[PDB]
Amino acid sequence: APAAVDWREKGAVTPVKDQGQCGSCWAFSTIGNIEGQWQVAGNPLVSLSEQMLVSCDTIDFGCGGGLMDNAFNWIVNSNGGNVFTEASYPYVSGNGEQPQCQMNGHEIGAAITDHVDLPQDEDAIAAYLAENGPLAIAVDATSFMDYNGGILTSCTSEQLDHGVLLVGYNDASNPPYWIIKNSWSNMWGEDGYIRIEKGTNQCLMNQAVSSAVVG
């Protein structure tokens, strides 16, 4: 793969969001992925709606939790592949309140046809990322809690508990690192982002990597 990829610079990554007091990281990971895949497939970058998943996805458990694979499954099999725009269906569950699913009054911003699950292989991940755009990944986010900045090189890697967005990497660095977009606002980490070492399966980052398919 290329020595370095940063999908932010290429316009496939929206501003950092904030899930708030709701267990919806799974929806933010899924949407960030679809946002990146939709742009890189050749369409204008558009912000898409986590609230659609929080309120309408019947496979997952709204603010109680969920899985990116199940979110992809719901979008394709229950919503005809369609993803509503962030603007037309704003995120209101940041206080943990969960309105009922609202199917009316929105604009469709993107569409997906399937999803893939990537092998548990950092090189396989980097190539698919470099080709297709940002990727949905799960991490053990234990070491995320005290992170101010820098590259994590001894990330607690015991148990997966948090969905994030993989937007890039940089091998021409010492250590080399992945770039991750978190959903804890831009006042956490490196303006919303975190760097973790690439090649040592930091935070169990290789274990559950997925992506929507566009087109």
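All residue numbers are counted from 1 along the displayed sequence. Take the two forms, find the largest set of C-alpha atoms that superpose within 1.5 Å, and that set is the rigid core.
Student: Relative to this form, superposed by the core, which stretch has the greater CA RMS in 4 other deposited structures of this protein: 74-82 or 103-111?
Tutor: Taking the RMS over all superposed structures in 4 other deposited structures of this protein, 103-111 lies farther out.
Student: Mean Cα B factor from the PDB record: higher for 30-38, or higher for 182-190?
Tutor: The entry gives the higher C-alpha B-factor average to 182-190.
Student: When the C-alpha temperature factors are averaged for each of 121-129 and 140-148, which stretch ends up with the higher value in the entry?
Tutor: Higher of the two, by average CA B-factor, is 140-148.
Student: How does residue 102 rank on Cα B-factor within its chain, lowest, middle or highest third?
Tutor: Answer is highest: the recorded C-alpha B-factor places it there.
Student: Relative to the other modelled residues in the chain, which third contains the C-alpha temperature factor of residue 172: lowest, middle or highest?
Tutor: Top third by C-alpha B-factor.
Student: If you rank every modelled residue in this chain by C-alpha B factor, which third holds residue 50: lowest, middle or highest?
Tutor: Its C-alpha B-factor, which the entry lists for residue 50, ranks in the lowest third among residues of this chain.
Student: By the recorded C-alpha temperature factor, relative to the other modelled residues in its chain, which third is residue 214 in?
Tutor: Its C-alpha B-factor belongs to the middle third of this chain's values.
Student: Using only modelled residues of the chain, where does the Cα B factor of residue 160 rank: lowest third, middle third or highest third?
Tutor: Highest third, going by the recorded CA B-factors of the chain.
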